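Read the structure below first, then the notes.
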4 protein chains.
Amino acid sequence: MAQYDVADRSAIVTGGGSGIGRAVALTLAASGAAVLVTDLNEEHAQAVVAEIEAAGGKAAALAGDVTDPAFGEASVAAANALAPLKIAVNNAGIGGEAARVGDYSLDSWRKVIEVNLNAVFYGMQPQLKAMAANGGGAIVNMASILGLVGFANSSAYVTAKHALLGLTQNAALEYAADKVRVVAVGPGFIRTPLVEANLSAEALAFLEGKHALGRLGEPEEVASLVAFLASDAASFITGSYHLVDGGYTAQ
Amino acid sequence: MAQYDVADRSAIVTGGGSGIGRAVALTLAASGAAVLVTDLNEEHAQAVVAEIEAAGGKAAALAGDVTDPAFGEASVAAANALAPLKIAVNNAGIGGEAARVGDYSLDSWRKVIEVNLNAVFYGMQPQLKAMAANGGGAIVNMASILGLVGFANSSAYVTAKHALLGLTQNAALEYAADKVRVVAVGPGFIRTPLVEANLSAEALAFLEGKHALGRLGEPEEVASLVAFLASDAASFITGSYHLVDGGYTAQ
Amino acid sequence: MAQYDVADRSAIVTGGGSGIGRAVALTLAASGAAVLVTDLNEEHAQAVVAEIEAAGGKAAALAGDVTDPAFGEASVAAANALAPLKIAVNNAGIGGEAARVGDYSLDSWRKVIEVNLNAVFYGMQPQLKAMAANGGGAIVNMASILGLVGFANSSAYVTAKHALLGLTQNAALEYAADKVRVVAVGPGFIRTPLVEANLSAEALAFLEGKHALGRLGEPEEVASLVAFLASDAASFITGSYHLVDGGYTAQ
Amino acid sequence: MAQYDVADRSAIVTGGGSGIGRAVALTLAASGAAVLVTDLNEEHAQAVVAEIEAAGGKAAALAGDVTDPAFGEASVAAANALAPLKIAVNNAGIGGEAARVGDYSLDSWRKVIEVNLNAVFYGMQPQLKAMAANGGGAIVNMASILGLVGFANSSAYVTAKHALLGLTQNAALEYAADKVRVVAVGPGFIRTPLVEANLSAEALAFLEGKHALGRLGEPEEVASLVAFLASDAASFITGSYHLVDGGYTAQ
Ligand SMILES: NC(=O)c1ccc[n+]([C@@H]2O[C@H](COP(=O)([O-])OP(=O)(O)OC[C@H]3O[C@@H](n4cnc5c(N)ncnc54)[C@H](O)[C@@H]3O)[C@@H](O)[C@H]2O)c1
Ligand SMILES: NC(=O)c1ccc[n+]([C@@H]2O[C@H](COP(=O)([O-])OP(=O)(O)OC[C@H]3O[C@@H](n4cnc5c(N)ncnc54)[C@H](O)[C@@H]3O)[C@@H](O)[C@H]2O)c1
Ligand SMILES: NC(=O)c1ccc[n+]([C@@H]2O[C@H](COP(=O)([O-])OP(=O)(O)OC[C@H]3O[C@@H](n4cnc5c(N)ncnc54)[C@H](O)[C@@H]3O)[C@@H](O)[C@H]2O)c1
Ligand SMILES: NC(=O)c1ccc[n+]([C@@H]2O[C@H](COP(=O)([O-])OP(=O)(O)OC[C@H]3O[C@@H](n4cnc5c(N)ncnc54)[C@H](O)[C@@H]3O)[C@@H](O)[C@H]2O)c1
Ligand SMILES: [Zn+2]
Ligand SMILES: [Zn+2]
Ligand SMILES: [Zn+2]
Ligand SMILES: [Zn+2]
Ligand SMILES: [Zn+2]
Ligand SMILES: [Zn+2]
Ligand SMILES: [Zn+2]
Ligand SMILES: [Zn+2]
Ligand SMILES: [Zn+2]
Ligand SMILES: [Zn+2]
């Protein structure tokens, strides 16, 4: 019977057509949030919107690329047109080329920075200004355990994640006075069916060994934290990093 | 309309007679938890159980000293009477003398360690075993911003809150496989009646400037995070540190 | 009267003609390091080389832009031509537009990222492979206290410097087997010529008041740490972040 | 040919008789420091002074228990007699029992805390006062990787070392005005001869795998960083925690 004060407000969830973003959208809607579900995938974004409408919640699907600053502008105006924008979850992420730092391809590095960092930046610009004018809010940026620690062959990913904590802090420092809070969430390895369906049974069991809890997290487990940080309950929580990693980074 | 997944179990709130402890007990009871308010101050702890009971909640008081390991054994029994124990908040803490390391009294150092660190460990011992026995749960150790950063003339206090992150980290690693989660919460300067009663207007301002949000935090604001990480919704969050600091440590 | 085990090997130092990168190159070459001083400003790189050679040290200038991957291929080759490349200090950086996250120029954001992060990555690529090749070495990345904590209106910079900590961690993990150590250094505010030149005395004062020591650092004071980490003495130090901030991030 | 600007003054190295304390004494002395080995083992402390005078340096033993505040007072008198005290390494530490938090021996916990933390504090009080009067100095506090991250079954230790970073921060803030620097070192697992002696082949192989460099640290490698941070070359470094771990904490 978990419910969060996220009503009477619109909420953007970028990359919300699948996995953790989906879990976020559904959870936020199911506490009364007007959820603008944005994604490169028009059809997934609609497929989610349909569940939220079917569950009894308001939700709308903008399709687009977060690397387009204009698309960030157009997700804020679409959200504001459901309810005042008072929530943004910059979740949309790709995993990138699997290569060492000396072998990493300059286009693949640049792509991973563009999406996992710069698109969060482009998205935040019209989120901060909207929330700031309409009296306050909460931006949740989707980082990782790998915004704190390393993992071999995922340098660009590791690097992007790490960058987010600094942009999170700075946005939080700058817009605290406008009562717009900015936090970062830091999951351990989550069973997003991309992961499940990409990994061998041997590989899955290895990562499982990295986390003290002895499993991978579920999307719903990240969403619950995101929803809490996005709520009025977390009114004193800004600029900070929050792990959901079943004890990965504790050793 | 915030509500947390803590029903059908007992919660020990140490130093729950007053301040953030009192906010926590209130907030935990209100969502269905059976709260054992433990305090030195038997009557404070009673006063709090009444508000719970006059709000429809369930709760009992136990007066004792967390510095006595026995009292921590006795707190777990008393809680497990009410319902199976699955939450414990080690919240009880004290200020200690206002001095520089080189001028610190060997008693005030030893005292602040004993209460603010050792007593947290003493309570944890039975807390863990009892939670493991009954298939798992959640321990939230009340730390601070000052378990991460310094404050001048509060060495003993800062040292103790730093310590708590390690204890938290080890306990989480060691009892993951028992589904017993352990986390720590770092508030910024909270507006308790003792802080309101102690601070000059000038000193109060100075601390406000140090927080990005441009105010001290309210107890209910710490209470909310604690209730969430104590809840089933936080089932993948363990060993981690969680700030509720209004952007104090983001600069 | 300090000396460093940095002899019989070549040492790239990006941003070499000015402030901190200059001090690095001096300190390294004064312990017998063959210093390639690389920089946009040919004639600034030349003026440092001369100071080295004048003190007895072996140094070469190679003016260009680190935002060209070609110019890190070339910088390495021209280092290997003096002595085996066993040291690289990715020090070159820029500050970017003084503006809020919401108002931040996209041009300036991408230009601050490019120099401070991507160029570090482009120049680390051949560095890593080159040092791996001459049976080991050490890369030092010039981050900041602002890879740890925020400073408002410098979001891009802060974001960039935060990123380096991940890249650094990932490089280290990935090339530890090949005995190539990677480490970040985090200075606080340093009185470079350009910092002394553009700060007003009022600004300068305010900053000194945020550092415990009550002054800004000197470049001499950053180069020593850089030199030590880049030496054979720091043989068991890889992947870690080392603050030279006069107590700035301790509060 | 590494040398450190640690001359024209006395150093305290507590635990200076064996392992990382012994390596520290040897390294400091060689660069013109007048070392006061202080240790429990009367003999071992003397055998280290002998190695120091044999290589040509200046050194004195003083056998005692750091847990005795008076012995700190006496150690500092002894140092101030050799030369004005401007180094203090609080190196002296013990393991405690290998048990879970819930089963952990209450005296073994209290013992560990007493030495690893409180003794460092007891010792610091006269260290700090003496260094402020005689125009500044440095205090290196020996922490560990286990001051940041957990290790299963060593909870009292992990706790004690975490605590050191708080004490280290606070001291640093309070006496920065008096030019007393306070830092912490975090070694990874170090194959000191006592550790060479107590590990099975199976257990040593397990720890080596946890370190990116794929071997345990040598005590000379920890000795070098301690020496640097203690030196005039580190004059803008205070309040900070310096890992020498072999990439242990970078994953
Ligand atoms: N183990 C994990 O899965 C894990 C752990 C930590 C953090 N994360 C982060 O969580 C977020 C979501 O991860 P996930 O595992 O749920 O991913 P996913 O692959 O399941 O879904 C991500 C969605 O992002 C969308 N997307 C990609 N690029 C886009 C772009 N340029 N514009 C718009 N939409 C775009 C895709 O359509 C996709 O549906 C990412 O930021 C990821 O980095 C994932
Ligand atoms: N500024 C703040 O108020 C602030 C900020 C961050 C963290 N905290 C932490 O929150 C916790 C609660 O602090 P607060 O501000 O609500 O203070 P408080 O004094 O208002 O409440 C603390 C309660 O703990 C009890 N207590 C103290 N020592 C005890 C002992 N040995 N045995 C049993 N009960 C004992 C007291 O009787 C008191 O009722 C402490 O750990 C404190 O350090 C407080
Ligand atoms: N307060 C400070 O000065 C301070 C403190 C912390 C960190 N840092 C970092 O230290 C490094 C040096 O900064 P600084 O203070 O010495 O500044 P600086 O301007 O004095 O030195 C930077 C040098 O890099 C050169 N440069 C810039 N872009 C380049 C490019 N694309 N290719 C080649 N050369 C280029 C400049 O011409 C200059 O010689 C940077 O990474 C900076 O962020 C500086
Ligand atoms: N693997 C490692 O060796 C390692 C890694 C990281 C941190 N550390 C820390 O490094 C420090 C030195 O440990 P070590 O590896 O040299 O261990 P060690 O046991 O070889 O040396 C510790 C020394 O301290 C002395 N000592 C102990 N209690 C004392 C007391 N009360 N008063 C005076 N002297 C006392 C002992 O006689 C001994 O010579 C400790 O603080 C330890 O926790 C050790
Ligand atoms: Zn389509
Ligand atoms: Zn599909
Ligand atoms: Zn499944
Ligand atoms: Zn109030
Ligand atoms: Zn700070
Ligand atoms: Zn030119
Ligand atoms: Zn010029
Ligand atoms: Zn000057
Ligand atoms: Zn050996
Ligand atoms: Zn780790």
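Each chain in the structure tokens gets a letter, A, B, ..., in the order shown, and its residues are numbered from 1; ligands are numbered from 1 in order too.
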
* Excluding same-chain residues fewer than 2 positions from residue 88 in chain B, what lies within 12 Å of it counting only C-alpha atoms, as an NGL selection string? -> :B and (6 or 9-16 or 21 or 24-25 or 28 or 33-38 or 72 or 75-76 or 79-80 or 84-86 or 90-92 or 120-121 or 123-128 or 130-131 or 136-142 or 180-184 or 226-227 or 229-231)

Write a file of the selected residues as an mmCIF file, in the first residue's frame, keeping C-alpha atoms.
```
data_model
loop_
_atom_site.group_PDB
_atom_site.id
_atom_site.type_symbol
_atom_site.label_atom_id
_atom_site.label_comp_id
_atom_site.auth_asym_id
_atom_site.auth_seq_id
_atom_site.Cartn_x
_atom_site.Cartn_y
_atom_site.Cartn_z
ATOM 1 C CA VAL B 6 5.763 -1.376 7.297
ATOM 2 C CA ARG B 9 5.668 -5.923 12.345
ATOM 3 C CA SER B 10 7.242 -4.094 15.314
ATOM 4 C CA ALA B 11 9.693 -1.158 15.050
ATOM 5 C CA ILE B 12 12.189 -0.143 17.754
ATOM 6 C CA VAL B 13 12.784 3.651 17.705
ATOM 7 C CA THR B 14 15.653 4.378 20.147
ATOM 8 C CA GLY B 15 15.735 8.020 21.358
ATOM 9 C CA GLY B 16 12.132 8.071 20.025
ATOM 10 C CA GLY B 21 13.054 9.949 16.818
ATOM 11 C CA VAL B 24 9.995 8.645 13.006
ATOM 12 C CA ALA B 25 7.900 6.636 15.541
ATOM 13 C CA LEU B 28 6.114 4.544 11.232
ATOM 14 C CA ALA B 33 4.023 -0.475 12.218
ATOM 15 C CA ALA B 34 3.961 -1.497 15.941
ATOM 16 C CA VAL B 35 6.398 1.064 17.430
ATOM 17 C CA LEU B 36 8.470 0.410 20.567
ATOM 18 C CA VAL B 37 9.484 3.982 21.547
ATOM 19 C CA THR B 38 12.685 3.514 23.667
ATOM 20 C CA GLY B 72 19.071 -3.580 23.805
ATOM 21 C CA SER B 75 14.149 -3.650 23.702
ATOM 22 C CA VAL B 76 14.106 -6.535 21.118
ATOM 23 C CA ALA B 79 9.219 -5.192 20.366
ATOM 24 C CA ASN B 80 8.822 -8.980 19.523
ATOM 25 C CA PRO B 84 7.676 -9.770 14.850
ATOM 26 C CA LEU B 85 10.521 -7.159 14.815
ATOM 27 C CA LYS B 86 11.513 -6.066 11.259
ATOM 28 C CA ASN B 90 19.177 3.521 16.185
ATOM 29 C CA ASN B 91 18.316 7.233 16.487
ATOM 30 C CA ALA B 92 19.372 8.042 20.102
ATOM 31 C CA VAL B 120 24.205 1.694 18.078
ATOM 32 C CA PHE B 121 26.372 -1.499 17.704
ATOM 33 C CA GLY B 123 21.407 -2.526 19.924
ATOM 34 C CA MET B 124 22.279 -3.967 16.473
ATOM 35 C CA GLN B 125 23.486 -7.325 17.941
ATOM 36 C CA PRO B 126 20.047 -8.694 19.031
ATOM 37 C CA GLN B 127 18.246 -6.530 16.368
ATOM 38 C CA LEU B 128 20.090 -8.412 13.533
ATOM 39 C CA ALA B 130 16.006 -11.424 15.705
ATOM 40 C CA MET B 131 15.441 -10.039 12.162
ATOM 41 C CA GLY B 136 14.684 -10.418 7.518
ATOM 42 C CA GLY B 137 14.071 -6.665 7.928
ATOM 43 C CA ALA B 138 15.655 -3.209 8.077
ATOM 44 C CA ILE B 139 17.929 -1.265 10.443
ATOM 45 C CA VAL B 140 18.233 2.529 9.862
ATOM 46 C CA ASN B 141 21.187 4.055 11.794
ATOM 47 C CA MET B 142 20.754 7.835 12.298
ATOM 48 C CA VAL B 180 18.316 -8.058 6.809
ATOM 49 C CA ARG B 181 19.010 -4.632 5.229
ATOM 50 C CA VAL B 182 21.138 -2.019 7.020
ATOM 51 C CA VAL B 183 21.393 1.642 5.938
ATOM 52 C CA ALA B 184 22.358 4.998 7.438
ATOM 53 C CA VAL B 226 13.664 6.747 7.407
ATOM 54 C CA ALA B 227 10.126 5.302 7.077
ATOM 55 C CA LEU B 229 14.209 2.871 3.718
ATOM 56 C CA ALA B 230 12.698 0.915 6.671
ATOM 57 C CA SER B 231 9.853 -0.248 4.312
#
```

* To do: Residues within 12 Å of ligand 6 should be enumerated using only C-alpha atoms and all ligand atoms and returned as a PyMOL selection string.
  => chain A and resi 17-19+41-48+193-194

Go ahead and dump the residues you just picked, N, CA, C and O atoms, as a JSON list (two decimals), in the first residue's frame.
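Generated output (part20.json):
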```json
[["chain", "number", "residue", "atom", "x", "y", "z"],
["A", 17, "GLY", "N", 9.61, 3.81, -22.07],
["A", 17, "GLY", "CA", 8.94, 2.77, -22.88],
["A", 17, "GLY", "C", 9.32, 1.37, -22.42],
["A", 17, "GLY", "O", 8.62, 0.40, -22.80],
["A", 18, "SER", "N", 10.39, 1.25, -21.64],
["A", 18, "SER", "CA", 10.85, -0.07, -21.15],
["A", 18, "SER", "C", 11.57, 0.03, -19.81],
["A", 18, "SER", "O", 11.99, 1.14, -19.42],
["A", 19, "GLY", "N", 11.71, -1.13, -19.18],
["A", 19, "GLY", "CA", 12.62, -1.41, -18.05],
["A", 19, "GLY", "C", 12.33, -0.56, -16.84],
["A", 19, "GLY", "O", 11.18, -0.56, -16.37],
["A", 41, "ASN", "N", 11.13, 5.22, -28.95],
["A", 41, "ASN", "CA", 10.12, 4.21, -29.35],
["A", 41, "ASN", "C", 8.71, 4.76, -29.12],
["A", 41, "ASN", "O", 8.26, 4.71, -27.95],
["A", 42, "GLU", "N", 8.05, 5.28, -30.16],
["A", 42, "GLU", "CA", 6.66, 5.82, -30.06],
["A", 42, "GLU", "C", 5.76, 4.73, -29.47],
["A", 42, "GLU", "O", 4.98, 5.05, -28.54],
["A", 43, "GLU", "N", 5.92, 3.49, -29.94],
["A", 43, "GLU", "CA", 4.97, 2.36, -29.71],
["A", 43, "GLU", "C", 5.06, 1.88, -28.26],
["A", 43, "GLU", "O", 4.00, 1.73, -27.62],
["A", 44, "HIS", "N", 6.27, 1.67, -27.74],
["A", 44, "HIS", "CA", 6.50, 1.37, -26.30],
["A", 44, "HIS", "C", 5.93, 2.48, -25.42],
["A", 44, "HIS", "O", 5.25, 2.14, -24.46],
["A", 45, "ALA", "N", 6.23, 3.75, -25.71],
["A", 45, "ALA", "CA", 5.73, 4.90, -24.92],
["A", 45, "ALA", "C", 4.20, 4.85, -24.84],
["A", 45, "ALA", "O", 3.67, 5.15, -23.76],
["A", 46, "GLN", "N", 3.52, 4.47, -25.93],
["A", 46, "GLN", "CA", 2.04, 4.36, -25.98],
["A", 46, "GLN", "C", 1.59, 3.14, -25.17],
["A", 46, "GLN", "O", 0.66, 3.30, -24.35],
["A", 47, "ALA", "N", 2.25, 2.00, -25.37],
["A", 47, "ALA", "CA", 2.00, 0.70, -24.69],
["A", 47, "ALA", "C", 1.97, 0.88, -23.17],
["A", 47, "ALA", "O", 1.10, 0.27, -22.52],
["A", 48, "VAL", "N", 2.91, 1.65, -22.63],
["A", 48, "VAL", "CA", 2.95, 2.08, -21.20],
["A", 48, "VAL", "C", 1.77, 3.00, -20.90],
["A", 48, "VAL", "O", 1.07, 2.75, -19.90],
["A", 193, "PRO", "N", 14.72, -6.48, -18.96],
["A", 193, "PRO", "CA", 14.72, -7.62, -19.88],
["A", 193, "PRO", "C", 15.75, -7.55, -21.02],
["A", 193, "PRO", "O", 16.03, -8.60, -21.58],
["A", 194, "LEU", "N", 16.27, -6.35, -21.37],
["A", 194, "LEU", "CA", 17.53, -6.17, -22.16],
["A", 194, "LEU", "C", 18.63, -7.00, -21.50],
["A", 194, "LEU", "O", 19.19, -7.91, -22.16]]
```

* To do: Could the residues that lie within 10 Å of ligand 14, counting only C-alpha atoms and all ligand atoms, be listed as a PyMOL selection string?
  => (chain A and resi 145+148-150+210+247-251) or (chain D and resi 145+148-150+210+247-251)

* Please indicate the distance in Å from CA of residue 232 in chain A to CA of residue 2 in chain B, rounded to one decimal place. =>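 Those two atoms sit 8.9 Å apart.
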
Give me the chain B side of the contact with ligand 8, cut-off 8 Å, one line per residue showing its nearest atom pair and distance in Å at one decimal, counting only C-alpha atoms and all ligand atoms, sorted by chain and residue number, as a Markdown table.
```
| residue | atom | partner | partner_atom_place_in_ligand_line | distance |
| --- | --- | --- | --- | --- |
| B:191 | CA | ligand 8 | 1 (Zn) | 5.8 |
| B:192 | CA | ligand 8 | 1 (Zn) | 7.0 |
| B:193 | CA | ligand 8 | 1 (Zn) | 7.4 |
| B:196 | CA | ligand 8 | 1 (Zn) | 7.7 |
| B:218 | CA | ligand 8 | 1 (Zn) | 6.6 |
```

* Would you kindly report the residues of chain D within 8 Å of chain C, using only C-alpha atoms, as a ChimeraX atom specification? => /D:1-5,169-170,172-173,176-177,179,212-214,217-218,221-222,224-225,228,233-247,249-251

Using the selection just defined, write its residues with N, CA, C and O atoms as a compact mmCIF listing (two decimals), in the first residue's frame.
```txt
# COMPACT_ATOMS: atom_id res chain seq x y z
N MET D 1 66.06 7.07 -6.16
CA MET D 1 66.67 8.32 -5.59
C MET D 1 65.58 9.27 -5.06
O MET D 1 65.75 10.51 -5.21
N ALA D 2 64.52 8.72 -4.45
CA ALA D 2 63.42 9.47 -3.80
C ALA D 2 63.89 10.05 -2.45
O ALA D 2 64.37 9.26 -1.60
N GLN D 3 63.75 11.37 -2.25
CA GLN D 3 63.94 12.03 -0.92
C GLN D 3 62.84 13.08 -0.69
O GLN D 3 62.34 13.66 -1.69
N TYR D 4 62.49 13.31 0.58
CA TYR D 4 61.29 14.07 1.05
C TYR D 4 61.73 15.20 1.97
O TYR D 4 62.59 14.95 2.80
N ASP D 5 61.16 16.39 1.85
CA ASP D 5 61.58 17.56 2.67
C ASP D 5 61.04 17.42 4.10
O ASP D 5 60.13 18.17 4.45
N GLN D 169 39.34 14.94 9.47
CA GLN D 169 38.68 16.12 8.86
C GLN D 169 38.64 17.23 9.91
O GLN D 169 39.16 18.32 9.66
N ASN D 170 38.06 16.91 11.06
CA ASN D 170 37.83 17.90 12.14
C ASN D 170 39.15 18.55 12.57
O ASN D 170 39.29 19.77 12.39
N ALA D 172 41.86 18.86 11.11
CA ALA D 172 42.37 19.58 9.92
C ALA D 172 41.72 20.96 9.86
O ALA D 172 42.48 21.94 9.75
N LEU D 173 40.39 21.01 9.89
CA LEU D 173 39.59 22.27 9.95
C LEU D 173 40.08 23.15 11.10
O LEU D 173 40.43 24.28 10.83
N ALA D 176 44.06 24.44 10.93
CA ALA D 176 44.56 24.89 9.60
C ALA D 176 45.17 26.28 9.75
O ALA D 176 46.19 26.57 9.10
N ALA D 177 44.56 27.11 10.60
CA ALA D 177 45.01 28.48 10.95
C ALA D 177 46.41 28.44 11.58
O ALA D 177 47.20 29.38 11.30
N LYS D 179 48.61 26.16 10.88
CA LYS D 179 49.44 25.47 9.85
C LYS D 179 49.77 24.04 10.26
O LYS D 179 50.79 23.52 9.79
N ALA D 212 43.24 -4.42 -8.29
CA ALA D 212 43.37 -4.31 -9.76
C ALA D 212 44.80 -4.71 -10.17
O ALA D 212 44.93 -5.37 -11.22
N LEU D 213 45.80 -4.37 -9.36
CA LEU D 213 47.24 -4.60 -9.69
C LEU D 213 47.60 -6.09 -9.52
O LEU D 213 48.70 -6.47 -9.96
N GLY D 214 46.72 -6.89 -8.91
CA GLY D 214 46.86 -8.36 -8.86
C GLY D 214 48.01 -8.79 -7.97
O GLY D 214 48.68 -9.81 -8.29
N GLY D 217 50.01 -4.86 -1.56
CA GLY D 217 50.92 -3.71 -1.50
C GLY D 217 52.14 -4.08 -0.69
O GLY D 217 52.04 -5.00 0.16
N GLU D 218 53.27 -3.44 -0.94
CA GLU D 218 54.45 -3.57 -0.05
C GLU D 218 54.43 -2.43 0.96
O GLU D 218 53.85 -1.37 0.72
N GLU D 221 55.82 1.02 -0.16
CA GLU D 221 54.87 1.78 -1.03
C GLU D 221 53.96 2.68 -0.17
O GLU D 221 53.68 3.84 -0.58
N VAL D 222 53.49 2.18 0.98
CA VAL D 222 52.69 2.97 1.97
C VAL D 222 53.62 3.97 2.64
O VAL D 222 53.19 5.09 2.93
N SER D 224 56.17 5.52 1.50
CA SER D 224 56.54 6.63 0.58
C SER D 224 55.47 7.73 0.62
O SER D 224 55.88 8.90 0.79
N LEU D 225 54.18 7.38 0.51
CA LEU D 225 53.04 8.34 0.54
C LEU D 225 52.98 9.05 1.90
O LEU D 225 52.86 10.29 1.95
N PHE D 228 55.68 11.56 2.02
CA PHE D 228 55.33 12.73 1.17
C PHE D 228 54.33 13.63 1.90
O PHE D 228 54.60 14.83 2.08
N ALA D 233 56.53 19.56 1.04
CA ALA D 233 56.06 19.51 -0.37
C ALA D 233 54.53 19.36 -0.42
O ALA D 233 53.97 19.68 -1.49
N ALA D 234 53.89 18.87 0.65
CA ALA D 234 52.43 18.60 0.74
C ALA D 234 51.72 19.73 1.50
O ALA D 234 50.67 19.45 2.13
N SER D 235 52.23 20.96 1.42
CA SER D 235 51.86 22.11 2.30
C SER D 235 50.46 22.67 2.01
O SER D 235 50.00 23.52 2.82
N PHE D 236 49.82 22.27 0.90
CA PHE D 236 48.41 22.64 0.62
C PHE D 236 47.49 21.42 0.74
O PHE D 236 46.40 21.44 0.16
N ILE D 237 47.90 20.39 1.47
CA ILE D 237 47.09 19.14 1.58
C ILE D 237 46.73 18.97 3.05
O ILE D 237 47.63 18.81 3.88
N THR D 238 45.43 19.00 3.33
CA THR D 238 44.89 18.76 4.69
C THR D 238 43.46 18.25 4.57
O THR D 238 42.81 18.49 3.53
N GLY D 239 43.01 17.55 5.61
CA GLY D 239 41.62 17.10 5.75
C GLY D 239 41.30 15.93 4.83
O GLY D 239 40.19 15.42 4.92
N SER D 240 42.23 15.52 3.98
CA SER D 240 41.92 14.62 2.84
C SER D 240 42.37 13.22 3.21
O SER D 240 43.21 13.09 4.11
N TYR D 241 41.80 12.25 2.51
CA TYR D 241 41.98 10.79 2.68
C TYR D 241 42.71 10.29 1.44
O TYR D 241 42.22 10.56 0.33
N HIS D 242 43.86 9.63 1.57
CA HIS D 242 44.67 9.27 0.38
C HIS D 242 44.83 7.76 0.26
O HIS D 242 45.53 7.16 1.10
N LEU D 243 44.20 7.19 -0.76
CA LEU D 243 44.19 5.73 -0.98
C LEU D 243 45.54 5.33 -1.57
O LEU D 243 46.02 6.01 -2.49
N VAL D 244 46.11 4.23 -1.05
CA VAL D 244 47.23 3.49 -1.70
C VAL D 244 46.80 2.02 -1.72
O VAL D 244 47.24 1.26 -0.85
N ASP D 245 45.94 1.66 -2.67
CA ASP D 245 45.12 0.42 -2.59
C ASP D 245 45.36 -0.56 -3.75
O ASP D 245 44.98 -1.73 -3.57
N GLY D 246 45.93 -0.16 -4.89
CA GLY D 246 46.13 -1.06 -6.05
C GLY D 246 44.83 -1.28 -6.81
O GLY D 246 44.65 -2.37 -7.41
N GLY D 247 43.95 -0.27 -6.80
CA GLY D 247 42.65 -0.22 -7.50
C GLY D 247 41.56 -0.97 -6.75
O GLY D 247 40.55 -1.32 -7.39
N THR D 249 39.40 -0.07 -4.35
CA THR D 249 38.15 0.70 -4.11
C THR D 249 37.59 1.26 -5.42
O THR D 249 36.43 1.69 -5.40
N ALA D 250 38.36 1.20 -6.51
CA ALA D 250 37.93 1.72 -7.83
C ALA D 250 36.88 0.82 -8.52
O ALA D 250 36.37 1.24 -9.57
N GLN D 251 36.55 -0.35 -7.95
CA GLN D 251 35.44 -1.21 -8.46
C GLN D 251 34.41 -1.45 -7.35
O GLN D 251 34.74 -1.63 -6.18
```

* To do: Would you please give, as a VMD selection string, all residues of range 43-108 of chain C that DSSP assigns to strand (DSSP E) based on the backbone?
  => chain C and resid 59 to 63 85 to 90

* To do: Determine, counting only C-alpha atoms, which protein, DNA and RNA residues have an atom within 9 Å of an atom of residue 65 in chain A; residues of the same chain fewer than 3 positions away are not included. Present the result as a PyMOL selection string.
  => chain A and resi 38-40+68-69+71-72+119

* Apply DSSP to the backbone of this structure and, from range 48-194 of chain A, keep only the residues in alpha helix (DSSP H); write these as number ranges by chain. => A: 48-55, 69-80, 106-113, 120-133, 155-175, 193-194

* To do: Quick one: pull the distance between atom 21 (O, counted along the ligand's line) of ligand 1 and CA of residue 117 in chain C, Å, one decimal.
  => 25.8 Å

* To do: Would you list the contacts of residue 108 in chain B as a PyMOL selection string, taking every protein, DNA or RNA residue within 10 Å and counting only C-alpha atoms, but skipping same-chain residues closer than 5 positions in sequence?
  => chain B and resi 95-98+113-114+156-157

Output the selection as a compact mmCIF listing (two decimals), in the first residue's frame - N, CA, C and O atoms for each residue.
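Written out: again_8.txt:
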```txt
# COMPACT_ATOMS: atom_id res chain seq x y z
N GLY B 95 24.96 15.57 21.81
CA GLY B 95 25.81 16.61 21.20
C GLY B 95 27.28 16.47 21.59
O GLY B 95 28.13 16.53 20.66
N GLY B 96 27.59 16.34 22.88
CA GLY B 96 28.99 16.33 23.37
C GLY B 96 29.55 17.74 23.46
O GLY B 96 28.91 18.64 22.92
N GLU B 97 30.70 17.92 24.13
CA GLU B 97 31.24 19.26 24.55
C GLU B 97 31.66 20.04 23.29
O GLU B 97 32.09 19.42 22.32
N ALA B 98 31.53 21.38 23.33
CA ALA B 98 31.93 22.31 22.24
C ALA B 98 33.38 22.74 22.42
O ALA B 98 33.59 23.76 23.07
N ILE B 113 31.28 8.88 21.91
CA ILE B 113 31.52 7.58 21.22
C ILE B 113 30.53 6.54 21.75
O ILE B 113 29.84 5.92 20.92
N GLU B 114 30.45 6.36 23.08
CA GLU B 114 29.67 5.27 23.72
C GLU B 114 28.21 5.33 23.23
O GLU B 114 27.69 4.30 22.75
N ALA B 156 34.25 14.83 18.46
CA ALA B 156 33.75 13.56 19.04
C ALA B 156 32.49 13.15 18.28
O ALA B 156 32.34 11.94 17.98
N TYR B 157 31.65 14.14 17.98
CA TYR B 157 30.34 13.96 17.31
C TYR B 157 30.60 13.51 15.87
O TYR B 157 29.97 12.54 15.39
```
